[PDB]
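Read through the structure below, which is laid out as structure tokens, and then see the notes.
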Amino acid sequence: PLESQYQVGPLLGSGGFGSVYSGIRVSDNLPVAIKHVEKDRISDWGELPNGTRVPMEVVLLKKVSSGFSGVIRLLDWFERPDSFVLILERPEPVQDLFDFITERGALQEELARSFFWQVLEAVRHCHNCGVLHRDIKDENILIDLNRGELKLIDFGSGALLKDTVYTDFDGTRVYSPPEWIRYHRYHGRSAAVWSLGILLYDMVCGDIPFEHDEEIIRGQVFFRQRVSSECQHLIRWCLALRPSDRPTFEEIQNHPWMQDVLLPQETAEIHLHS
Amino acid sequence: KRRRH
Ligand SMILES: N[C@H]1CC[C@H](Nc2nc(Nc3cccc(C(F)(F)F)c3)c3c(=O)[nH]ccc3n2)CC1
């Protein structure tokens, strides 16, 4: 019985994903987040081991949930007449990367490096579990302010990872690659890498580089902030127009700009604690 | 501007 085992707090936000509430697990006071998804609003369905029809999001989160991660954990879920309810881990204190960037502006390279590294580890983890996120962006990342750990959220636009072409997409347009914009086709990994380049530009410049289809298609990158040459190079590499000209995760992580990353806690101590 | 999507 959903109502008895959780105590609802205030609405955290709402949007394409539905509505997310702060909550608490009554039994042990574990901070949780409670997400409501309307059935009519779910485009993509999957099925479990047992075979009953759930949101793809549930399948995906189950595939990435075992062990530890920079992926937010699914603790439980419930079906209701017209909606599904997902219980998810909630770090405390926490701020999403979008608000963090809004508040602090362009991030120091050292901080952006630590953050970007953790995103990369989390995305490799997903891929390793056969899950493609398809909506990587600052709004979909949480910062545990005490430990300096990033967590990936919102798998609601995700898919099973495959090696063949995708011809459907419902993530964020401004993070989507030119091959999507032009042809409505992309491969999972190289599209993920493009959005990672958008993300990295966002972190080091305080905003995304493209707002328009024309700019995405053109793929010319201009810097408004002082940014090192190695960082600019990594960015322009991730944003190569041809998918096969983009780096693999391995190449990204071996890039000279990615050397000497801080540990999460070091990151929180240097950049996050007051 | 610096905005949500
Ligand atoms: N503008 C908002 C819109 C709501 C969005 N959603 C959100 N926010 C979450 N946590 C959260 C908790 C307190 C405060 C915030 C904050 F400040 F909105 F970033 C986020 C969680 C979560 O802790 N676990 C799983 C999902 C989740 N989702 C975070 C950013």
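Just remember, in the structure tokens the first chain shown is A, the second B, etc., residues are 1-based per chain, and ligands are 1-based in the order shown.
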Under the rule of at most 6 Å, produce a per-residue listing of chain A near ligand 1: chain, number, name, the closest pair of atoms, and the distance in Å, as JSON lines, using only C-alpha atoms and all ligand atoms.
```
{"residue": "A:12", "atom": "CA", "partner": "ligand 1", "partner_atom_place_in_ligand_line": "4 (C)", "distance": 4.9}
{"residue": "A:13", "atom": "CA", "partner": "ligand 1", "partner_atom_place_in_ligand_line": "4 (C)", "distance": 3.8}
{"residue": "A:20", "atom": "CA", "partner": "ligand 1", "partner_atom_place_in_ligand_line": "6 (N)", "distance": 5.9}
{"residue": "A:33", "atom": "CA", "partner": "ligand 1", "partner_atom_place_in_ligand_line": "24 (N)", "distance": 4.7}
{"residue": "A:88", "atom": "CA", "partner": "ligand 1", "partner_atom_place_in_ligand_line": "25 (C)", "distance": 5.2}
{"residue": "A:89", "atom": "CA", "partner": "ligand 1", "partner_atom_place_in_ligand_line": "24 (N)", "distance": 5.2}
{"residue": "A:90", "atom": "CA", "partner": "ligand 1", "partner_atom_place_in_ligand_line": "23 (O)", "distance": 3.6}
{"residue": "A:91", "atom": "CA", "partner": "ligand 1", "partner_atom_place_in_ligand_line": "23 (O)", "distance": 5.6}
{"residue": "A:94", "atom": "CA", "partner": "ligand 1", "partner_atom_place_in_ligand_line": "13 (C)", "distance": 5.6}
{"residue": "A:95", "atom": "CA", "partner": "ligand 1", "partner_atom_place_in_ligand_line": "19 (F)", "distance": 3.8}
{"residue": "A:96", "atom": "CA", "partner": "ligand 1", "partner_atom_place_in_ligand_line": "19 (F)", "distance": 4.2}
{"residue": "A:153", "atom": "CA", "partner": "ligand 1", "partner_atom_place_in_ligand_line": "26 (C)", "distance": 5.9}
```
With only C-alpha atoms as the counted atoms, please give the residues lying no more than 9 Å from residue A:177, apart from itself and same-chain residues fewer than 6 positions off, as JSON, numbers by chain. {"A": [186, 190, 191, 192, 194, 195, 216, 217, 239, 241, 243]}
I'd like a table as CSV: residues in chain B with an atom no more than 8 Å from chain A, each row giving the shortest atom pair and its distance in Å to one decimal, only C-alpha atoms counted, sorted by chain and rising residue number.
```
residue,atom,partner,partner_atom,distance
B:2,CA,A:207,CA,6.0
B:4,CA,A:139,CA,7.7
B:5,CA,A:172,CA,6.6
```
Between atom CA of residue A:165 and atom CA of residue A:187, what is the distance, to one decimal in Å? 5.0 Å
Give me, as a ChimeraX atom specification, all polymer residues having an atom no more than 9 Å from residue A:46, counting only C-alpha atoms and skipping those fewer than 6 positions away in the same chain. /A:52-59
Same residues, N, CA, C and O atoms, saved as a compact mmCIF listing (two decimals), in the first residue's frame:
```
# COMPACT_ATOMS: atom_id res chain seq x y z
N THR A 52 4.56 -8.48 -17.16
CA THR A 52 3.54 -7.40 -17.13
C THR A 52 4.05 -6.06 -17.68
O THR A 52 5.24 -5.74 -17.53
N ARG A 53 3.15 -5.29 -18.29
CA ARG A 53 3.52 -4.05 -19.00
C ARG A 53 3.74 -2.83 -18.10
O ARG A 53 2.81 -2.33 -17.47
N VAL A 54 4.99 -2.35 -18.06
CA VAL A 54 5.38 -1.20 -17.26
C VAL A 54 5.96 -0.10 -18.17
O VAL A 54 6.21 -0.34 -19.35
N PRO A 55 6.16 1.13 -17.63
CA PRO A 55 6.92 2.13 -18.39
C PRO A 55 8.36 1.68 -18.67
O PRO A 55 9.01 1.11 -17.79
N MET A 56 8.84 1.93 -19.88
CA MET A 56 10.21 1.62 -20.26
C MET A 56 11.20 2.09 -19.19
O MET A 56 12.17 1.40 -18.86
N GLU A 57 10.92 3.26 -18.63
CA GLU A 57 11.71 3.83 -17.56
C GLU A 57 11.99 2.84 -16.42
O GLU A 57 13.12 2.77 -15.91
N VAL A 58 10.95 2.11 -16.00
CA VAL A 58 11.09 1.09 -14.96
C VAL A 58 12.04 -0.03 -15.41
O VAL A 58 12.96 -0.38 -14.68
N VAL A 59 11.82 -0.58 -16.62
CA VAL A 59 12.74 -1.59 -17.15
C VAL A 59 14.18 -1.08 -17.10
O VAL A 59 15.06 -1.74 -16.53
```
Long-range neighbours of residue A:274 as a VMD selection string, 12 Å cut-off, only C-alpha atoms, 4 positions minimum in chain: chain A and resid 145 to 146 268 to 270
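Each of A:45, A:63, A:211, A:39 was compared to residue B:1 using only C-alpha atoms, and A:211 turns out to be the nearest.
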Within 12 Å of residue A:205 using only C-alpha atoms, minus same-chain residues under 5 positions, as a ChimeraX atom specification: /A:101-102,104-109,112,197-200,221-228,231-232,235 /B:2
Filtering to N, CA and C atoms, could you give me those residues as a compact mmCIF listing (two decimals), in the first residue's frame?
```
# COMPACT_ATOMS: atom_id res chain seq x y z
N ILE A 101 24.47 25.80 -12.26
CA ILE A 101 25.10 26.62 -13.29
C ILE A 101 24.44 28.00 -13.35
N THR A 102 23.12 28.04 -13.24
CA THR A 102 22.40 29.32 -13.17
C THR A 102 22.99 30.19 -12.08
N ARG A 104 25.99 29.84 -10.30
CA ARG A 104 27.41 30.08 -10.21
C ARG A 104 28.05 30.49 -11.52
N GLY A 105 27.28 30.44 -12.61
CA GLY A 105 27.79 30.81 -13.95
C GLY A 105 28.69 29.71 -14.52
N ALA A 106 29.58 30.10 -15.44
CA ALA A 106 30.56 29.17 -16.00
C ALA A 106 31.41 28.55 -14.87
N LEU A 107 31.67 27.25 -14.96
CA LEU A 107 32.39 26.54 -13.91
C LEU A 107 33.87 26.57 -14.20
N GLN A 108 34.67 26.65 -13.14
CA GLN A 108 36.11 26.44 -13.27
C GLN A 108 36.38 25.09 -13.93
N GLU A 109 37.45 25.02 -14.72
CA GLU A 109 37.72 23.82 -15.50
C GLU A 109 37.90 22.60 -14.62
N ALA A 112 34.53 21.45 -13.56
CA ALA A 112 33.84 20.91 -14.73
C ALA A 112 34.43 19.53 -15.09
N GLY A 197 29.28 16.55 -25.48
CA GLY A 197 29.95 17.78 -25.94
C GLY A 197 29.13 19.03 -25.65
N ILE A 198 27.81 18.96 -25.88
CA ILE A 198 26.91 20.07 -25.53
C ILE A 198 26.99 20.31 -24.02
N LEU A 199 26.93 19.22 -23.25
CA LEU A 199 27.00 19.31 -21.79
C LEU A 199 28.30 19.96 -21.32
N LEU A 200 29.42 19.55 -21.90
CA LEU A 200 30.71 20.10 -21.49
C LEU A 200 30.81 21.61 -21.83
N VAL A 221 31.55 26.10 -33.42
CA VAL A 221 31.51 26.34 -31.98
C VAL A 221 32.30 27.60 -31.67
N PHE A 222 31.62 28.59 -31.10
CA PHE A 222 32.28 29.81 -30.64
C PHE A 222 32.33 29.92 -29.10
N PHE A 223 33.46 30.36 -28.55
CA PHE A 223 33.59 30.50 -27.10
C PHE A 223 33.49 31.93 -26.62
N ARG A 224 32.62 32.12 -25.64
CA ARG A 224 32.29 33.40 -25.04
C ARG A 224 33.12 33.63 -23.78
N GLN A 225 33.65 32.54 -23.23
CA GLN A 225 34.41 32.57 -21.99
C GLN A 225 35.82 32.11 -22.27
N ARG A 226 36.76 32.57 -21.45
CA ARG A 226 38.09 32.01 -21.49
C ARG A 226 38.01 30.51 -21.20
N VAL A 227 38.47 29.68 -22.13
CA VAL A 227 38.48 28.22 -21.98
C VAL A 227 39.78 27.68 -22.61
N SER A 228 40.49 26.83 -21.87
CA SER A 228 41.76 26.25 -22.35
C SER A 228 41.60 25.55 -23.70
N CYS A 231 40.49 21.87 -23.53
CA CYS A 231 39.06 21.77 -23.31
C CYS A 231 38.26 22.09 -24.57
N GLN A 232 38.63 23.17 -25.27
CA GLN A 232 38.00 23.52 -26.56
C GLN A 232 38.12 22.38 -27.59
N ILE A 235 35.81 19.51 -26.69
CA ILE A 235 34.46 19.88 -27.06
C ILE A 235 34.21 19.75 -28.56
N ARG B 2 19.50 32.19 -20.20
CA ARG B 2 20.13 30.95 -19.79
C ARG B 2 19.04 29.97 -19.31
```
Residues of stretch 112-189 of chain A that approach stretch 66-72 of chain A to 9 Å or less, counting only C-alpha atoms: could you list each one with the shortest pair of atoms and its distance in Å to one decimal, rows by chain and increasing residue number, as a tab-separated table?
```
residue	atom	partner	partner_atom	distance
A:118	CA	A:70	CA	6.9
A:119	CA	A:70	CA	7.2
A:121	CA	A:70	CA	7.4
A:122	CA	A:70	CA	5.0
A:123	CA	A:70	CA	8.5
A:125	CA	A:69	CA	7.7
A:126	CA	A:71	CA	8.1
A:142	CA	A:72	CA	8.7
A:149	CA	A:70	CA	7.1
A:150	CA	A:70	CA	5.7
A:151	CA	A:70	CA	4.3
A:152	CA	A:71	CA	4.6
A:153	CA	A:72	CA	5.8
A:154	CA	A:72	CA	8.6
```
